[PDB]
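Take a look at the letters that make up each chain.
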Amino acid sequence: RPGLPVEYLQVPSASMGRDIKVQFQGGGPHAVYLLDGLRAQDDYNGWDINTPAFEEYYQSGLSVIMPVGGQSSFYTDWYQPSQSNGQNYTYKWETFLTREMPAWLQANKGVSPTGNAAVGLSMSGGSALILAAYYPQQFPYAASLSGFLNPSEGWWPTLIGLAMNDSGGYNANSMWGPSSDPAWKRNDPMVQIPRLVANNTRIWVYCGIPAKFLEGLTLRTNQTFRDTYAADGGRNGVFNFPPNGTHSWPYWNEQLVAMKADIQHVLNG
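Residues numbered from 1 in each chain as written, not as in the entry; some residues may be left out. Heavy atoms only, no water. Residues with missing side-chain atoms left out of burial classes, pairs and counts.

Regarding how it was determined, this PDB entry cites X-ray crystallography in its header, along with a resolution of 1.346 Å.

As C-alpha coordinates, then:
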(Lines give C-alpha, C1' and ligand atoms only; values in the text may rest on other atoms or scores of the structure.)
Protein backbone atom coordinates (compact mmCIF):
# COMPACT_ATOMS: atom_id res chain seq x y z
CA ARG A 1 0.00 0.00 0.00
CA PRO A 2 2.49 2.63 -1.26
CA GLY A 3 2.48 5.99 0.51
CA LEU A 4 -0.26 5.16 3.01
CA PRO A 5 -1.58 6.35 5.34
CA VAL A 6 -2.13 9.94 4.19
CA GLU A 7 -0.22 12.09 6.72
CA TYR A 8 -0.76 15.53 8.23
CA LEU A 9 2.60 17.23 8.83
CA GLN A 10 3.77 20.33 10.69
CA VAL A 11 6.51 22.00 8.65
CA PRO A 12 8.25 25.02 10.18
CA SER A 13 8.56 28.14 8.03
CA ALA A 14 11.42 30.34 9.20
CA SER A 15 10.34 33.08 6.78
CA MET A 16 6.76 33.20 8.09
CA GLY A 17 7.65 32.52 11.73
CA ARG A 18 5.14 29.69 12.09
CA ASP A 19 4.44 26.06 11.28
CA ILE A 20 2.69 25.27 8.01
CA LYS A 21 0.40 22.24 7.92
CA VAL A 22 0.96 19.94 4.93
CA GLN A 23 -1.13 16.94 3.88
CA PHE A 24 1.08 14.26 2.35
CA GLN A 25 0.85 10.92 0.58
CA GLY A 26 4.03 9.09 -0.40
CA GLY A 27 4.59 6.64 -3.23
CA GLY A 28 7.55 8.03 -5.16
CA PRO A 29 10.56 10.37 -5.07
CA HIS A 30 8.83 12.89 -7.31
CA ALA A 31 5.72 14.73 -6.23
CA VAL A 32 2.66 16.57 -7.43
CA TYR A 33 2.27 19.82 -5.47
CA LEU A 34 -1.49 20.45 -5.31
CA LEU A 35 -2.04 24.14 -4.66
CA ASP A 36 -5.33 25.47 -3.29
CA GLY A 37 -7.76 28.14 -4.50
CA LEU A 38 -8.54 31.66 -3.33
CA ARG A 39 -10.42 30.66 -0.17
CA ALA A 40 -7.83 28.21 1.16
CA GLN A 41 -8.67 27.12 4.71
CA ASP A 42 -6.32 26.42 7.61
CA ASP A 43 -7.58 22.89 8.32
CA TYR A 44 -7.50 21.05 4.98
CA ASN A 45 -6.47 21.78 1.41
CA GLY A 46 -9.41 22.27 -0.98
CA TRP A 47 -8.33 19.30 -3.08
CA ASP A 48 -8.85 17.00 -0.10
CA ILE A 49 -12.10 18.66 0.97
CA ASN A 50 -13.68 18.47 -2.47
CA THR A 51 -12.03 15.71 -4.52
CA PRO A 52 -10.65 12.16 -4.39
CA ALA A 53 -7.20 13.42 -5.46
CA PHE A 54 -5.25 11.31 -2.97
CA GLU A 55 -7.10 8.12 -3.94
CA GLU A 56 -6.72 8.91 -7.64
CA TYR A 57 -2.95 9.29 -7.30
CA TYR A 58 -2.51 6.33 -4.95
CA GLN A 59 -0.06 3.87 -6.57
CA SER A 60 0.71 6.36 -9.37
CA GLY A 61 4.42 6.24 -8.57
CA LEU A 62 4.14 9.88 -7.47
CA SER A 63 3.93 11.49 -4.05
CA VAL A 64 1.18 14.04 -3.44
CA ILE A 65 1.77 17.22 -1.43
CA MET A 66 -1.13 19.43 -0.36
CA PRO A 67 0.04 22.49 1.57
CA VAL A 68 -2.61 23.88 3.93
CA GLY A 69 -3.44 27.55 4.37
CA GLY A 70 -2.51 30.76 2.61
CA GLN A 71 -5.92 32.29 1.85
CA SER A 72 -5.58 34.84 -0.98
CA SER A 73 -1.79 34.45 -0.86
CA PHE A 74 -1.25 33.66 -4.56
CA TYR A 75 1.53 31.41 -3.20
CA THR A 76 3.89 34.36 -3.57
CA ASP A 77 6.30 36.34 -1.38
CA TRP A 78 4.48 39.49 -0.27
CA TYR A 79 6.07 42.91 0.20
CA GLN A 80 4.46 43.35 3.61
CA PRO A 81 1.72 42.10 5.96
CA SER A 82 -1.84 42.69 4.83
CA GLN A 83 -2.33 45.38 7.50
CA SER A 84 -6.00 45.93 6.57
CA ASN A 85 -7.14 42.58 7.97
CA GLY A 86 -4.74 42.36 10.91
CA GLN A 87 -2.21 39.96 9.39
CA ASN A 88 0.70 39.94 11.86
CA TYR A 89 3.33 38.52 9.52
CA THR A 90 4.33 38.65 5.86
CA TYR A 91 3.24 35.85 3.55
CA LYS A 92 6.37 34.19 2.10
CA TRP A 93 4.78 31.28 0.28
CA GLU A 94 7.22 31.26 -2.63
CA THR A 95 10.07 30.90 -0.14
CA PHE A 96 8.16 28.14 1.65
CA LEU A 97 7.33 26.16 -1.49
CA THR A 98 10.74 26.49 -3.14
CA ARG A 99 13.08 26.22 -0.17
CA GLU A 100 11.65 25.45 3.24
CA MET A 101 9.14 22.73 2.39
CA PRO A 102 11.26 20.79 -0.13
CA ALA A 103 14.22 20.82 2.27
CA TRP A 104 12.01 19.34 5.01
CA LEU A 105 10.48 16.68 2.77
CA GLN A 106 13.88 15.69 1.39
CA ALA A 107 15.55 15.43 4.81
CA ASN A 108 12.71 13.54 6.43
CA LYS A 109 11.18 11.46 3.65
CA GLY A 110 13.57 11.49 0.71
CA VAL A 111 11.21 13.38 -1.60
CA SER A 112 13.31 14.94 -4.36
CA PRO A 113 13.52 18.76 -4.35
CA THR A 114 13.76 18.52 -8.14
CA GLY A 115 11.72 17.03 -10.96
CA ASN A 116 8.24 17.72 -9.58
CA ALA A 117 4.89 19.05 -10.84
CA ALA A 118 3.07 22.16 -9.65
CA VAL A 119 -0.70 22.01 -10.14
CA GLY A 120 -2.85 25.03 -9.29
CA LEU A 121 -6.43 26.16 -9.74
CA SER A 122 -8.09 29.56 -9.65
CA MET A 123 -5.71 31.77 -7.66
CA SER A 124 -2.93 29.19 -7.79
CA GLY A 125 -3.10 28.39 -11.51
CA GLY A 126 -0.87 31.35 -12.28
CA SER A 127 1.23 30.46 -9.23
CA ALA A 128 2.05 27.05 -10.68
CA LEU A 129 3.21 28.60 -13.96
CA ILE A 130 5.29 31.23 -12.15
CA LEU A 131 6.93 28.59 -9.94
CA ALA A 132 7.95 26.67 -13.07
CA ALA A 133 9.09 29.88 -14.79
CA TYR A 134 11.54 30.80 -12.02
CA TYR A 135 12.31 27.34 -10.58
CA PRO A 136 12.46 25.02 -13.60
CA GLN A 137 14.68 22.46 -11.89
CA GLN A 138 12.08 22.05 -9.15
CA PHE A 139 9.12 22.13 -11.56
CA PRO A 140 9.60 20.79 -15.11
CA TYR A 141 5.79 20.43 -15.12
CA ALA A 142 3.11 23.03 -14.33
CA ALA A 143 -0.67 22.95 -14.65
CA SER A 144 -2.96 25.95 -14.42
CA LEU A 145 -6.66 25.17 -14.04
CA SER A 146 -8.80 28.32 -14.44
CA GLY A 147 -5.84 30.48 -13.41
CA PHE A 148 -5.26 34.21 -13.84
CA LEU A 149 -2.92 34.05 -16.83
CA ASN A 150 -2.33 37.80 -17.31
CA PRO A 151 -2.75 39.29 -13.80
CA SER A 152 -0.91 42.52 -14.61
CA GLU A 153 -3.05 43.46 -17.64
CA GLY A 154 -6.20 45.51 -18.15
CA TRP A 155 -8.99 44.60 -15.74
CA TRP A 156 -7.08 41.87 -13.93
CA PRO A 157 -5.28 43.83 -11.20
CA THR A 158 -8.62 45.38 -10.19
CA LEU A 159 -10.51 42.07 -10.31
CA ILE A 160 -7.75 40.27 -8.41
CA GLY A 161 -7.72 42.99 -5.75
CA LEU A 162 -11.47 42.71 -5.36
CA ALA A 163 -11.36 38.92 -5.13
CA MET A 164 -8.61 39.03 -2.49
CA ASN A 165 -10.56 41.57 -0.45
CA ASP A 166 -13.64 39.37 -0.70
CA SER A 167 -11.58 36.37 0.43
CA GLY A 168 -10.44 37.29 3.92
CA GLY A 169 -9.94 41.02 3.37
CA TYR A 170 -6.47 40.63 1.88
CA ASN A 171 -4.85 43.60 0.12
CA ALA A 172 -3.23 43.16 -3.30
CA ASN A 173 -1.24 46.36 -2.74
CA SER A 174 0.57 44.71 0.18
CA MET A 175 1.27 41.71 -2.05
CA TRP A 176 2.71 43.10 -5.29
CA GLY A 177 2.27 46.85 -4.80
CA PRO A 178 0.13 49.09 -7.01
CA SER A 179 -0.45 47.64 -10.50
CA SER A 180 2.47 49.75 -11.77
CA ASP A 181 4.92 47.89 -9.51
CA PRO A 182 7.38 45.49 -11.24
CA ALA A 183 6.08 42.62 -9.09
CA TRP A 184 2.89 42.42 -11.15
CA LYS A 185 4.75 41.69 -14.39
CA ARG A 186 7.29 39.48 -12.60
CA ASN A 187 4.44 37.25 -11.47
CA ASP A 188 2.45 37.37 -14.71
CA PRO A 189 2.48 34.02 -16.58
CA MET A 190 1.78 35.72 -19.94
CA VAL A 191 4.75 38.04 -19.44
CA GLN A 192 6.92 35.10 -18.39
CA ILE A 193 6.06 32.96 -21.42
CA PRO A 194 9.63 33.31 -22.75
CA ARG A 195 10.89 31.66 -19.53
CA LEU A 196 8.43 28.79 -19.90
CA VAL A 197 9.64 28.36 -23.50
CA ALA A 198 13.35 28.65 -22.65
CA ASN A 199 12.92 26.12 -19.83
CA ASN A 200 10.86 23.80 -22.05
CA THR A 201 8.38 23.59 -19.18
CA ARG A 202 5.61 21.08 -19.79
CA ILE A 203 2.51 23.20 -19.28
CA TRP A 204 -1.09 22.06 -18.98
CA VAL A 205 -3.59 24.89 -19.22
CA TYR A 206 -7.32 24.45 -18.67
CA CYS A 207 -10.14 26.91 -18.58
CA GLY A 208 -13.90 26.88 -18.81
CA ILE A 209 -19.72 42.94 -12.70
CA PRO A 210 -22.00 40.86 -14.96
CA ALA A 211 -20.98 37.24 -15.61
CA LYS A 212 -21.00 37.62 -19.40
CA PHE A 213 -18.51 40.48 -19.22
CA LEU A 214 -16.19 38.50 -16.95
CA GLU A 215 -16.47 35.53 -19.30
CA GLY A 216 -15.46 37.77 -22.21
CA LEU A 217 -12.36 39.01 -20.40
CA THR A 218 -11.46 35.44 -19.46
CA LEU A 219 -11.96 34.03 -22.96
CA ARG A 220 -9.84 36.77 -24.51
CA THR A 221 -6.98 36.47 -22.00
CA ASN A 222 -6.87 32.69 -22.37
CA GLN A 223 -6.80 32.88 -26.17
CA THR A 224 -4.06 35.51 -25.98
CA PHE A 225 -1.97 33.33 -23.66
CA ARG A 226 -2.29 30.29 -25.94
CA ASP A 227 -1.48 32.37 -29.04
CA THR A 228 1.49 34.07 -27.37
CA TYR A 229 2.88 30.74 -26.18
CA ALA A 230 2.75 29.42 -29.76
CA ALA A 231 4.20 32.61 -31.25
CA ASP A 232 7.07 32.63 -28.75
CA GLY A 233 8.16 29.15 -29.83
CA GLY A 234 6.35 27.12 -27.17
CA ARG A 235 6.08 23.45 -28.14
CA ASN A 236 5.40 21.68 -24.84
CA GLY A 237 1.89 22.76 -23.90
CA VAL A 238 -1.54 21.17 -23.57
CA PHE A 239 -4.44 23.60 -23.92
CA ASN A 240 -7.85 22.32 -22.82
CA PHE A 241 -10.85 24.56 -23.40
CA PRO A 242 -13.84 22.19 -23.65
CA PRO A 243 -17.17 24.02 -24.15
CA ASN A 244 -18.87 22.11 -21.30
CA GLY A 245 -15.99 22.57 -18.86
CA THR A 246 -16.73 24.55 -15.70
CA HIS A 247 -14.80 26.50 -13.04
CA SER A 248 -15.49 24.02 -10.26
CA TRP A 249 -13.90 21.24 -8.21
CA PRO A 250 -15.59 18.46 -10.22
CA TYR A 251 -13.97 19.62 -13.46
CA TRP A 252 -10.68 20.56 -11.81
CA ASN A 253 -10.64 16.96 -10.59
CA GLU A 254 -11.46 15.75 -14.10
CA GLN A 255 -8.39 17.64 -15.31
CA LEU A 256 -6.20 16.32 -12.49
CA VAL A 257 -7.16 12.77 -13.47
CA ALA A 258 -6.75 13.51 -17.19
CA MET A 259 -3.20 14.78 -16.66
CA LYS A 260 -2.05 11.84 -14.53
CA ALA A 261 -0.58 9.86 -17.44
CA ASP A 262 0.99 13.08 -18.72
CA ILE A 263 2.69 13.82 -15.40
CA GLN A 264 3.84 10.20 -15.03
CA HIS A 265 5.46 10.28 -18.46
CA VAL A 266 7.20 13.66 -17.91
CA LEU A 267 8.37 13.07 -14.33
CA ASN A 268 9.03 9.31 -14.30
CA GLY A 269 9.28 8.32 -17.97
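(A) Quick look at the side chain of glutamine 87. Within the secondary structure, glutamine 87 sits in the loop between strand 4 (63–67) and helix 3 (93–109). Overall, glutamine 87 belongs to the buried group, its relative accessible area being 10%. Separated by 2.9 Å, the side chain of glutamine 87 and the backbone nitrogen of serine 82 make a polar contact. (Helix = DSSP H or I, 4+ residues; strand = E, 2+ residues; numbered from the N terminus. Buried < 20%, exposed > 50% of the residue type's maximum accessible area, 1.4 Å probe, protein only. Polar contact = N/O pair within 3.5 Å; in protein donor to acceptor, adjacent residues only side chain to side chain.)

(B) Focus on the pairing of strand 2 (residues 18–25). For strand 2, the buried fraction is high: six of the eight residues fall into the buried class. As paired elements, strand 1 (residues 7–13) and strand 2 share seven bridges and run antiparallel to each other. Within strand 2, the position partnered with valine 11 by the bridge is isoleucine 20. What sits between strand 1 and strand 2 in their antiparallel hairpin is a turn of four residues, with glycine 17 showing a positive phi close to 65°. Relative to strand 4, strand 2 runs antiparallel, the two being bridged by four bridges. Of the residues in strand 4, the one forming a bridge with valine 22 is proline 67. (Pairing = 2+ DSSP bridges.)

(C) Seen up close, helix 9 (residues 211–231). Taking 1.5 Å of rise per residue, 21 residues should cover 30 Å, and helix 9 covers 30 Å from first to last C-alpha, within 8% of that figure. The set of residues buried in helix 9 consists of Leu217, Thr218, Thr221, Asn222, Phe225 and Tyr229. The buried side chains of helix 9 occupy one side of the element, clustering within an arc of 125° when seen end-on. Opposite the buried face of helix 9, by more than 90 degrees, sit the exposed residues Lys212, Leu219, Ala230 and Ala231. Check the buried side of helix 9 and you find it contacts helix 4 (123–134), helix 5 (156–166), helix 8 (193–198), strand 7 (202–206) and strand 8 (237–240). Following helix 9 by one or two positions, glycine 233 has its phi on the positive side, about 95°. (Expected span 1.5 Å × (residues − 1). Arc of directions from axis to C-beta. Contact = heavy atoms within 4.5 Å.)

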